[PDB]
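Student: sequence first, structure after, both from an experimental entry:
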Amino acid sequence: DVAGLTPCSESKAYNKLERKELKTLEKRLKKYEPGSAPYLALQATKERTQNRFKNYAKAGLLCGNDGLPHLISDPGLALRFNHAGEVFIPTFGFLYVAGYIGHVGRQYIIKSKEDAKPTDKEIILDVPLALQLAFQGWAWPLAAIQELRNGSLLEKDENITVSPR
Amino acid sequence: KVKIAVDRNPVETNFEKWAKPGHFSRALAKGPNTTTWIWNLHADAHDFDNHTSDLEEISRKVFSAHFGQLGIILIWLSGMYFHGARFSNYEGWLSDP
Amino acid sequence: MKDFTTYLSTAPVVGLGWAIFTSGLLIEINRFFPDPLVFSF
Amino acid sequence: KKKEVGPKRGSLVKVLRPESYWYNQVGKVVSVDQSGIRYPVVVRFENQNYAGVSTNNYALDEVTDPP
Amino acid sequence: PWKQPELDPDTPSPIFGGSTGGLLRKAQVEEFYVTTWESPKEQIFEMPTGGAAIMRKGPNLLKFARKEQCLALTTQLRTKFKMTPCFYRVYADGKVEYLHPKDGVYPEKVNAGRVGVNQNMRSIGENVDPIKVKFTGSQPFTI
Amino acid sequence: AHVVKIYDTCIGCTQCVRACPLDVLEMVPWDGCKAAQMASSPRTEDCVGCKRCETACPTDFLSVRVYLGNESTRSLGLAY
Ligand code: CLA
Ligand code: CLA
Ligand code: CLA
Ligand SMILES: CC1=C(/C=C/C(C)=C/C=C/C(C)=C\C=C\C=C(C)\C=C\C=C(C)\C=C\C2=C(C)CCCC2(C)C)C(C)(C)CCC1
Ligand code: SF4
Ligand code: SF4
């Protein structure tokens, strides 16, 4: 009940929107015979809509004055009202995946530079090496913070290409 | 005077030139060093007048490219006919257009 | 074989392979989990 | 003359010229001129500049070791 | 070269029709440029002011309104037929100035007879900042 | 007209003079380079500022520099 908003199950506009969607799906369904493929397609669409509306309810989602669910982004407030699974857990998961991408790209950049014509390896990818680095990135934060600890993650300002002042 | 003039097997069907992206021009044959090379790979692909100065090779490339475009067009037409055959209501449309 | 493999090892081909792989993974996830919005186990 | 006016040929050098494209970059010494020109150190670089060239002439005071 | 040649207006022009991108009123108000060459035979060349002309076996004289057109024709004749032409500049009052072969050996050579001017003896990037030269009328590159 | 300035980093490769479409540069004898040549601009009043000489310079940065300003009839490339 934060931000002056009501839960989706307790709200009336949420149920009104669900009823309107079911009504227009039934209006589209009534134009087809029950023994036709569009009838089964529309029945599956209605079942998916009902399942989605049931899953959005009883999951902590809340909507304000329009029946459209709202998401709470501040940690702590989302922790004490069971809204962490809205954005807090997905943002951590996306950070994990983005760090996976960055670590894999960094490993491929570093590991394909101690050879003749590194641009050729950049343009024609070493597929077994790329797959090996792909399956070795599951521990990206450990290796990242260890490279930070030993100083190989960052380059010194003496070996870095720099623009004139 | 007018007769068929054809050379037999001037180019061997090998994948050795598929590995090298920049091969049609000597400027791109040295390999890439900047990203503007890559666009130059996709810009001078059909610039057959710049790859070679021989008109015969350019004409052969033009003939092959026209055959490829006709094949692409026929693929698109066959796909259109297939979509009309299966994922369509043409039979229903014929009853009441 | 190895020339065709190096052609398949070129950047657009492996990018295409990644594109089909990621698109198919996300599409199958959306199909077998129809329209989720909030992580609720 | 005695020894050589510049560094050993084929050795890596770091360019200290601020206006150069290869400032704080590692290049290879091709040849060092001994006549007494202003920029005798010919350095070849692995990465080309915007003009597409990869070699430049630098003086003795703008080259150091690769750190 | 050893002696600066003098232009001859009576030299025959190359065989050509009418040009549209030819000399404008600036030719009779300001200076205009005139290119001379020595063709050993008759051949077809492309003018920078239009289509194509045919040069005569002998001296050939052409008129232009821009020095860039004269040097473009000069380098076309040098690259295509190795002609080595030369163009003068004629003002409204009739003053004739020798322009391209200043020492007669072309600027690609040295000839050990030209004094280098407008040459800064410091390296580029060693010039002073514009704050150093302020309210003086002197640019940082002009010192 | 425009200002053409040539520094001591020039190697006397004569590329700027060949790239010049108005015959502004020249080669003078020199002792500061291996080729014993130095670029000069004795005809800077005819330069239009096309910067074609800067494209042909092989040295890093530029051994020849063109600065625009105070355009005239010759500097504006006008046939009229
Ligand atoms: C499905 C939903 C979704 C989608 C499609 C995207 C899409 C995108 N996000 Mg993400 N994001 C999402 C949800 C989503 N976001 C959520 C829920 C959160 C939590 C708040 C974030 C937080 C987030 C951050 C913090 C960043 C992005 C960025 C990006 C963009 C580029 C990613 C990149 O460079 O490649 C993958 C990543 C790399 C190749 C390099 C790795 C860089 C990552 C961010 C570092 C991760 C480790 C690091 C130490 C964690 C701290 C991050 C720091 C900012 C505090 C991309 C458009 C980035 C962006 O737009 O930058 C311009 C970026 O920095 N996202
Ligand atoms: C009869 C058809 C025909 C043929 C055989 C050619 C053949 C040629 N043309 Mg010409 N041209 C044509 C039609 C044709 N053109 C038309 C209709 C136009 C006007 C639009 C042009 C405009 C044109 C220009 C301006 C130039 C050429 C050039 C060329 C040469 C190389 C082309 C190349 O390498 O492209 C390689 C292929 C590409 C660069 C891909 C182009 C993709 C476009 C930009 C975007 C496609 C959008 C697509 C419809 C939707 C995508 C959506 C996205 C979400 C996926 C070659 C001689 C070039 C040349 O040097 O000539 C010698 C050149 O400079 N042509
Ligand atoms: C069939 C026509 C066709 C088309 C549409 C393309 C299109 C493309 N190719 Mg090219 N290519 C072709 C034929 C074609 N190619 C042929 C015949 C050859 C000779 C074998 C090549 C060789 C070639 C090389 C060697 C490279 C390309 C690259 C590229 C990309 C241009 C750079 C870019 O997007 O910015 C830069 C883009 C990025 C930095 C993004 C990197 C990450 C992306 C998301 C992964 C790539 C996925 C891709 C976009 C989607 C699948 C491919 C797409 C065409 C369906 C673009 C996707 C470059 C590339 O890999 O760029 C992707 C590259 O290095 N191509
Ligand atoms: C909780 C949360 C939140 C908040 C947050 C925050 C507040 C943050 C901050 C943050 C910060 C304040 C940060 C900072 C940073 C800094 C720095 C300096 C960084 C760096 C980084 C790096 C260097 C990285 C790297 C990498 C890459 C990129 C690739 C590879 C891998 C790695 C990771 C290594 C919000 C509400 C939003 C949402 C929900 C959740
Ligand atoms: S192009 Fe540059 S290095 Fe070459 S002669 Fe001219 S100023 Fe000197
Ligand atoms: S800007 Fe053009 S006209 Fe002027 S000196 Fe350079 S190349 Fe010659």
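Tutor: Thanks, I have the structure now. Numbering: from 1, shown residues only, chains lettered A, B, ... in the order given. Ligands and ions are numbered 1, 2, ... in the order given.

Student: rest of the way, CA atoms for contacts and neighbours
Tutor: Fine.

Student: touching, residue F:76 and residue F:50? I think so.
Tutor: No - the pair residue F:76 / residue F:50 is not scored as a contact, 10.1 Å apart, by C-alpha atoms under 8 Å.

Student: overlap of the contact sets of these two?
Tutor: The contact sets of residue F:76 and residue F:50 do not overlap (C-alpha atoms under 8 Å, 6 or more residues apart in numbering or on different chains).

Student: buried residues, the longest helix along chain C. List them.
Tutor: Taking DSSP state H as the criterion, chain C has its longest helix at helix C:11-32. Residues of helix C:11-32 classed as buried: C:11, C:14 (neighbour count, 16 or more other C-alpha atoms under 10 Å in any protein chain shown).

Student: so what touches it?
Tutor: For helix C:11-32, contacts defined as C-alpha under 8 Å, 6+ apart pick out A:122, A:123, A:124, A:125, C:7, C:8.

Student: tell me which stretches of the chain form helices.
Tutor: In the absence of a named chain, this looks at chain A. Using DSSP H, the helices of chain A run over A:13-29, A:37-56, A:84-111, A:118-123, A:127-135, A:140-150.

Student: wrong chain, I was asking about chain F
Tutor: Taking DSSP H as the test, the helices found in chain F are F:15-19, F:52-55.

Student: mind putting those helices in a markdown table, distance to chain B and mean neighbour count included?
Tutor: Compiled in a markdown table, the helices of chain F are given as follows (distance: least, C-alpha to the nearest C-alpha, whole Å; neighbours: other C-alpha atoms under 10 Å in any protein chain shown):
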| stretch | distance to chain B | mean neighbour count |
| --- | --- | --- |
| helix F:15-19 | 20 | 20 |
| helix F:52-55 | 17 | 18 |
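
Student: how about those helices in TSV, adding distance to chain E?
Tutor: Output for the helices of chain F, formatted as TSV (distance: least, C-alpha to the nearest C-alpha, whole Å):
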stretch	distance to chain E
helix F:15-19	7
helix F:52-55	13
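
Student: between those, which one is closest to ligand 6.
Tutor: Nearest to ligand 6 among the helices of chain F is helix F:52-55; the distance by C-alpha to the nearest ligand atom comes to 3.8 Å.

Student: next one: the closest one to chain centre, how far?
Tutor: 8 Å (C-alpha atoms, centre = their mean, to the nearest Å).

Student: now residue E:17: how far from residue E:48?
Tutor: According to C-alpha to C-alpha, to the nearest Å, residue E:17 and residue E:48 sit 14 Å apart.

Student: residue 44 - how many residues pack around it?
Tutor: Because you didn't say which chain, this covers chain A. By the measure other C-alpha atoms under 10 Å in any protein chain shown, the count of residues near residue A:44 is 12.

Student: nope, chain E please
Tutor: By other C-alpha under 10 Å, the residues close to residue E:44 number 13.

Student: hang on, the earlier thing: among the contacts of helix C:11-32, which one lies nearest to ligand 4?
Tutor: Distances from ligand 4 to the contacts of helix C:11-32, taken by C-alpha to the nearest ligand atom, are shortest for residue A:122, at 17.8 Å.

Student: how about that closest one, nearest residue that isn't a chain neighbour?
Tutor: The shortest distance from residue A:122 to any non-neighbouring residue, by C-alpha to C-alpha, 6 or more residues apart in numbering or on different chains, is to residue A:112 (7.6 Å).

Student: didn't the one you found look like it was pressed against residue A:121?
Tutor: Yes - if you go by C-alpha under 8 Å, residue A:112 and residue A:121 touch, sitting 6.5 Å apart.

Student: can you pull out the helices in chain B?
Tutor: Taking DSSP H as the test, the helices found in chain B are B:16-19, B:26-29, B:36-43, B:48-51, B:55-85, B:90-95.

Student: any buried residues in the longest one, and which?
Tutor: Of the residues in helix B:55-85, those buried by neighbour count under the rule 16+ other C-alpha under 10 Å are residue B:58.

Student: need the contact list for the residue nearest in space to the middle of chain F.
Tutor: Among the residues of chain F, residue F:25 comes closest to the average C-alpha position under C-alpha atoms, centre = their mean, at 4.8 Å. Residues near residue F:25 by C-alpha under 8 Å, 6+ apart: E:107, F:16, F:17, F:39, F:40, F:41, F:42, F:43, F:44.

Student: what sits against the residue nearest to the second one when sequence neighbours are not counted?
Tutor: Once its chain neighbours are removed from consideration, residue F:16 has its nearest residue in residue F:53; the separation is 4.2 Å (C-alpha to C-alpha, 6+ apart). For residue F:53, the contact set (C-alpha under 8 Å, 6+ apart) comprises F:15, F:16, F:17, F:19, F:20, F:64.

Student: returning to what we had before: among the helices of chain A, which is nearest residue C:2?
Tutor: helix A:127-135 (12.3 Å; C-alpha to C-alpha).

Student: who does residue D:12 form a beta bridge with?
Tutor: Assessed by DSSP bridges, residue D:12 has beta-bridge partners residue D:28.

Student: run a quick check on it versus residue D:66, I expect a contact.
Tutor: Yes - counting by C-alpha under 8 Å, residue D:66 is a contact partner of residue D:12 at 6.3 Å.

Student: is any residue of stretch B:15-31 near chain C?
Tutor: Yes - counting by C-alpha under 8 Å from any C-alpha of the partner chain, contacts between stretch B:15-31 and chain C involve B:15, B:16, B:18, B:19, B:20.

Student: of those residues, just say which sits nearest to residue A:156.
Tutor: When the residues of stretch B:15-31 next to chain C are ranked by distance to residue A:156 (C-alpha to C-alpha), residue B:20 comes first, at 36.1 Å.

Student: the closest one - how many residues pack around it?
Tutor: Count around residue B:20 with other C-alpha under 10 Å applied: 19.

Student: what's the separation between it and chain F?
Tutor: Residue B:20 is 29 Å from chain F, where distance means C-alpha to the nearest C-alpha, to the nearest Å.

Student: likewise for residue D:61?
Tutor: Counting by C-alpha to the nearest C-alpha, the gap from residue D:61 to chain F is 15 Å.

Student: and chain A, which residues reach chain D?
Tutor: So far as C-alpha under 8 Å from any C-alpha goes, chain A lies against chain D at A:158, A:159, A:160, A:161, A:162, A:163, A:164.

Student: report the contact partners of residue F:40.
Tutor: Residue F:40 touches E:116, E:117, E:118, E:119, F:6, F:25, F:26, F:27, F:28, counting by C-alpha under 8 Å, 6+ apart.

Student: can you lay out the residues you listed as CSV showing distance to ligand 5?
Tutor: Listed next are the contacts of residue F:40 as CSV, based on distance: C-alpha to the nearest ligand atom, whole Å:
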residue, distance to ligand 5
E:116, 12
E:117, 13
E:118, 12
E:119, 10
F:6, 6
F:25, 8
F:26, 9
F:27, 7
F:28, 10
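
Student: among those residues, which one sits closest to chain A?
Tutor: Chain A has its nearest neighbour among the contacts of residue F:40 in residue F:6, at 20.8 Å by C-alpha to the nearest C-alpha.

Student: beta partners of the closest one?
Tutor: Here residue F:6, judged by DSSP bridges, has bridge partners residue E:119, residue F:64.

Student: find the nearest non-adjacent residue to residue D:27, please.
Tutor: Closest residue in space to residue D:27, ignoring its immediate chain neighbours: residue D:45 at 4.7 Å, by C-alpha to C-alpha, 6+ apart.

Student: nice, that's everything, thank you.
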